[PDB]
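S.K.: This is the content of structure-v4.cif (mmCIF, C-alpha atoms):
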data_coords
#
loop_
_atom_site.group_PDB
_atom_site.id
_atom_site.type_symbol
_atom_site.label_atom_id
_atom_site.label_comp_id
_atom_site.auth_asym_id
_atom_site.auth_seq_id
_atom_site.Cartn_x
_atom_site.Cartn_y
_atom_site.Cartn_z
ATOM 1 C CA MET R 1 106.156 96.246 72.362
ATOM 2 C CA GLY R 2 106.464 94.282 75.605
ATOM 3 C CA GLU R 3 110.079 95.397 76.086
ATOM 4 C CA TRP R 4 111.425 95.397 79.635
ATOM 5 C CA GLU R 5 114.040 98.071 80.367
ATOM 6 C CA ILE R 6 116.009 99.283 83.379
ATOM 7 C CA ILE R 7 115.336 103.002 83.539
ATOM 8 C CA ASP R 8 116.755 106.067 85.262
ATOM 9 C CA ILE R 9 115.998 106.989 88.875
ATOM 10 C CA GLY R 10 115.557 110.674 88.109
ATOM 11 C CA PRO R 11 112.630 112.947 88.952
ATOM 12 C CA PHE R 12 110.093 111.029 86.835
ATOM 13 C CA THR R 13 110.978 107.852 88.730
ATOM 14 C CA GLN R 14 111.255 109.489 92.154
ATOM 15 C CA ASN R 15 107.765 110.861 91.527
ATOM 16 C CA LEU R 16 106.511 107.337 90.827
ATOM 17 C CA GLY R 17 107.794 106.496 94.298
ATOM 18 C CA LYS R 18 105.917 109.415 95.850
ATOM 19 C CA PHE R 19 102.753 108.324 94.058
ATOM 20 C CA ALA R 20 103.057 104.762 95.359
ATOM 21 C CA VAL R 21 103.580 106.029 98.908
ATOM 22 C CA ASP R 22 100.763 108.575 98.643
ATOM 23 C CA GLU R 23 98.405 105.898 97.307
ATOM 24 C CA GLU R 24 99.332 103.386 100.002
ATOM 25 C CA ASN R 25 98.962 105.894 102.841
ATOM 26 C CA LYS R 26 95.318 106.319 101.829
ATOM 27 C CA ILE R 27 94.953 102.575 102.414
ATOM 28 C CA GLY R 28 96.870 102.572 105.689
ATOM 29 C CA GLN R 29 97.853 98.909 105.993
ATOM 30 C CA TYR R 30 101.527 99.911 106.016
ATOM 31 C CA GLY R 31 101.078 102.732 108.515
ATOM 32 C CA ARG R 32 101.776 106.389 107.844
ATOM 33 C CA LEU R 33 104.775 106.273 105.516
ATOM 34 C CA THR R 34 107.238 109.056 104.692
ATOM 35 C CA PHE R 35 108.673 108.914 101.175
ATOM 36 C CA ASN R 36 112.477 108.780 101.256
ATOM 37 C CA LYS R 37 113.622 107.842 97.736
ATOM 38 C CA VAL R 38 113.552 105.295 94.914
ATOM 39 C CA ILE R 39 116.724 103.251 94.413
ATOM 40 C CA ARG R 40 118.128 101.253 91.538
ATOM 41 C CA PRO R 41 117.038 99.096 89.871
ATOM 42 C CA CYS R 42 113.820 100.500 88.422
ATOM 43 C CA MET R 43 112.197 98.357 85.730
ATOM 44 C CA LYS R 44 109.664 99.459 83.119
ATOM 45 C CA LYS R 45 107.609 97.351 80.722
ATOM 46 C CA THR R 46 106.193 98.888 77.543
ATOM 47 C CA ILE R 47 102.754 97.326 77.159
ATOM 48 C CA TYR R 48 102.289 99.498 74.065
ATOM 49 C CA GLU R 49 104.297 102.577 73.120
ATOM 50 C CA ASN R 50 102.624 105.891 73.998
ATOM 51 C CA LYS R 51 99.667 104.038 75.544
ATOM 52 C CA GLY R 52 100.532 101.596 78.320
ATOM 53 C CA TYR R 53 103.449 101.168 80.710
ATOM 54 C CA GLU R 54 104.160 99.201 83.890
ATOM 55 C CA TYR R 55 106.807 99.879 86.532
ATOM 56 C CA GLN R 56 108.510 97.812 89.236
ATOM 57 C CA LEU R 57 110.190 99.977 91.873
ATOM 58 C CA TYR R 58 112.188 99.652 95.060
ATOM 59 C CA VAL R 59 111.140 102.545 97.297
ATOM 60 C CA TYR R 60 112.444 103.612 100.693
ATOM 61 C CA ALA R 61 109.732 104.983 102.980
ATOM 62 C CA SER R 62 109.971 105.642 106.723
ATOM 63 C CA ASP R 63 113.447 104.075 106.523
ATOM 64 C CA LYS R 64 112.137 100.698 105.281
ATOM 65 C CA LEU R 65 112.396 99.236 101.773
ATOM 66 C CA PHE R 66 109.308 98.261 99.778
ATOM 67 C CA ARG R 67 108.540 96.953 96.295
ATOM 68 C CA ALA R 68 105.754 98.634 94.306
ATOM 69 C CA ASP R 69 104.098 97.724 91.001
ATOM 70 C CA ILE R 70 102.605 100.688 89.119
ATOM 71 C CA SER R 71 100.625 100.859 85.877
ATOM 72 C CA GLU R 72 100.462 104.048 83.823
ATOM 73 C CA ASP R 73 97.925 105.159 81.220
ATOM 74 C CA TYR R 74 100.154 107.235 78.952
ATOM 75 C CA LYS R 75 97.276 109.154 77.342
ATOM 76 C CA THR R 76 95.516 110.221 80.557
ATOM 77 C CA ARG R 77 98.769 110.334 82.583
ATOM 78 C CA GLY R 78 96.779 108.423 85.216
ATOM 79 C CA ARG R 79 98.353 105.784 87.433
ATOM 80 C CA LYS R 80 97.294 102.808 89.549
ATOM 81 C CA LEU R 81 99.182 101.185 92.428
ATOM 82 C CA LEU R 82 98.813 97.475 91.730
ATOM 83 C CA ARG R 83 101.051 96.191 94.533
ATOM 84 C CA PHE R 84 102.926 97.554 97.561
ATOM 85 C CA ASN R 85 104.731 95.016 99.741
ATOM 86 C CA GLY R 86 107.602 94.805 102.182
ATOM 87 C CA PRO R 87 109.878 95.342 103.906
ATOM 88 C CA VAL R 88 111.814 93.432 101.224
ATOM 89 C CA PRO R 89 115.488 92.409 101.141
ATOM 90 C CA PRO R 90 117.684 94.837 99.206
ATOM 91 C CA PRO R 91 118.252 94.120 95.492
#
Would you write out, as structure tokens, the structure that this file holds?
M.R.:
Amino acid sequence: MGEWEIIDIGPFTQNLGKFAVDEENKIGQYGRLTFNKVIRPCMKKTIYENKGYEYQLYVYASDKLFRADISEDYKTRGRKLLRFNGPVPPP
């Protein structure tokens, strides 16, 4: 447990980007954002296999680049946006 990996940027990961954007738009500090895409590198920490995971993402939204931190409850499939900041310099 506790392993950090660099993971794919496929549909699971792109959907983490949409979640982050959808969650932040309900807050509104960053305006009304349009999800564009998630870019490499996407990092994932295994807090405990099949139970807890954490993600660090670079996400493009309304043509600006942001960094988001997302937790995931593997059993409920529920997610929480812990952090959304930017614009950030590219990786």
S.K.: Name the closest residue to residue R:44 among the candidates R:65, R:27, R:21, R:9; distances are taken between atoms, counting all atoms listed in the file.
M.R.: R:9
S.K.: Which one is closest to residue R:23: R:35, R:41, R:58, R:50? Count only C-alpha atoms.
M.R.: R:35
S.K.: Apply the PyMOL selection byres ((chain R and resi 60) around 12) to the structure shown and report the selected residues as a PyMOL selection string.
M.R.: chain R and resi 14+17-18+20-21+33-40+57-59+61-68+84-90
S.K.: Can you find the residues with an atom no farther than 12 Å from (99.1, 104.5, 76.1), counting all atoms listed in the file, and report them as an MDAnalysis selection string?
M.R.: chainID R and resid 1 46:54 71:79
S.K.: From the options R:80, R:45, R:91, R:70, which residue's atoms come nearest to residue R:7, counting all atoms listed in the file?
M.R.: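 Once distances to residue R:7 are computed over all atoms listed in the file, the minimum belongs to R:45.
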S.K.: To one decimal in Å, tell me the separation between atom CA of residue R:6 and atom CA of residue R:69.
M.R.: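 Computed distance, atom CA of residue R:6 to atom CA of residue R:69, equals 14.2 Å.
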